[PDB]
Every structure is written in structure tokens, then in C-alpha cells.
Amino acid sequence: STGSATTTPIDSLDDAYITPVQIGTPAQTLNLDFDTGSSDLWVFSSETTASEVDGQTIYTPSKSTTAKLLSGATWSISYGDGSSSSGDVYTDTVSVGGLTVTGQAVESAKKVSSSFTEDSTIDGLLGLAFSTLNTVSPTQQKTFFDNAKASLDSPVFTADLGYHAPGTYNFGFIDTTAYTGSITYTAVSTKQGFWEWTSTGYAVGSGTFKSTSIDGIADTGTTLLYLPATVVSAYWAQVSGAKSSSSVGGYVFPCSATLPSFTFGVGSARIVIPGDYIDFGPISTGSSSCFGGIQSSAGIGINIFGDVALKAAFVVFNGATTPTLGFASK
């Protein structure tokens, strides 16, 4: 089997991407944030504290003839911005782009933090990291991909995120029309539960490539590109007036700037992030200071190849017995 679903930016800055997901019988369609940096599929629901729901579409398990309470199971998770959610668990039928999994753990939110409430466009998360990170207790549950994998034509999914435009998540096949040149594959460590890999270096604009190992995660659920302070300083030094602002929380730059590209290495291959992809717009409405899309990972504890990087590539998440990651230009 295979599946194919369009993923769409939630706003004009590509702050996140949502993908429609069918849950239950009859189908209830929710728009979920596919997150290769976590392993829980959770949704706003009829159980979510009413004052914490503001415009999201909710899953109502009592209206699904295939929903079953997973007795005794609870979940609780936090995210990189300090947001969090928690609740109980149902199993139900879940379909993505025509690919169906029966008995998928659907984690129903009883509580969500303010940032989730405040974002009416995201109805929940669909985790695509390794199932070892799943937070359901006392019996850990599998991701949608892990549950689907045995049925898939090939044990892979691909992320093809758009810049200010829709893109595609495919399951079970590689669309050879969706990229240019060849796909370069690179080793993955699953030891921390992430799609963790090592970039071979970087370049800023038309500058020379610096060969250096950068260990990080391929994370569709993180908006920006987080890299070591040395690398990020080298990038922003090429932008007149750019500076790190403690008050804003990262590098900012004059909105009048033309940003240089940023290249990262995948083995002997190179992925070029156009400068425009690194502009996240005014820090507040009407400001002439703009927020940068490349930020320091210092204090995070890990480097993160988030959407800024991934959207410049066609990315293969190869879930074979020994997982790997593939990157192609597009």
C-alpha cells in the first residue's frame, strides 16, 4: 500500500504545516502537524477542557463506531517552545492520503497549553520519530508509520515541504518526479529516538564550503534551523546590521536586507537553502526588524534541521531495518 497527502503552511511565514488526517468511522478529518521529532499522535477532542479550545476541529470518539478506549492509558508531552498537552487514549482507524491503519493509538487531549489553544489552525500532532519516544503509559504505543510499515510497498515516508506553498507527505514510495538529480543517503542513529544524522559541513552564500561534522535531527515539527553558535555567527556576520537580541530571543536583521543562501552538506552532496527561506518577517507587526530563520542551538543541547532546512530538499525517511535519511535537491 501507499499514501499521499498534501501538507499546507498554516500562515504566510511557514510557521508550521498541516496535513489532513481521517480518524474514526465515519471519518472525522482533522488537520495535524506531522512531526518527525516526536512520536505521539494526539488530537483536540470532545474531552479537551472547553476553555482551552478556540476554533480547532475536535475528535469525538463517541461518534466513531470503531473507537475503543485504551483502558488505563494516559499520555503527557512537552515541546521545544515549552508548550505541552496530556490526556487519555483511544484506538481507532486512521487514514492519511488513502493509507489506512486500524487500531492506531489516538491520544485524546484533556489539557493543552496556551500556545496550542491560541493556534486555531492545528488540530493536533502526528509524530513520526521512533516509537521509543512515545509517551503513552503504562503501555507505550506505536506511531502511524510504524503501524503502517509492514503494509507499505517500501518501508519509507518522504517529506517535500513547500516554501510559502503546499507540499507533500508520501508513505510507501519515492516519487522520482519530485526531485532533481540523485538522492544522497546518510546514516541515522536511533539511540535518542530521533532521525539523527551528521551533516558534513556548510557554506554561507557564495563562500567556500567548511568541512565539519554537525550532528543533528531531521525535524519537520521545528520551524527553524538551529545550529552551533560558531556556524550561526558566521552566517549572520554576512548580513549588515544583523545581531543577536536577548530581548527578542535570537538573531534579528534589518527587513531591508537581502539574505545570503546557506548550504549544508549531506555526504559529498550539497543542499542550498535560498536566502528568502531564512526570512521570518517582522518581529512584531509593523517593525523593520525581522526574525532570522537560522538560530543558535546553544542551550538546546542538539542541532535541529527544521523546516527551514528540510523545505529546501526532498527528504526520505527510510525506516528499513537499518534506518537512513536521504536528501535530494528539488
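Start at 1 with the first residue shown and count on from there.
According to the PDB record, 77 to 85 carries the higher mean C-alpha B-factor of the two stretches 77 to 85 and 102 to 110. The stretch with the higher mean CA B factor, choosing between 204 to 212 and 168 to 176, is 204 to 212. Among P282, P274, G265, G301, the highest C-alpha B-factor in the deposited entry belongs to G301. Within the listed group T29, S297, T36, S51, the record reports its top CA B-factor for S51. For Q22, the recorded CA temperature factor ranks within the lowest third of the chain's modelled residues. Split the chain's modelled residues into thirds by C-alpha temperature factor. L70 is in the middle one.
For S288, the recorded CA B-factor ranks within the middle third of the chain. Only modelled residues enter the ranking. Among the modelled residues of its chain, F116 has a C-alpha B-factor that falls in the highest third, as given in the PDB entry.
Per the PDB record, residue ranking by Cα B-factor puts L152 in the highest third of the chain.
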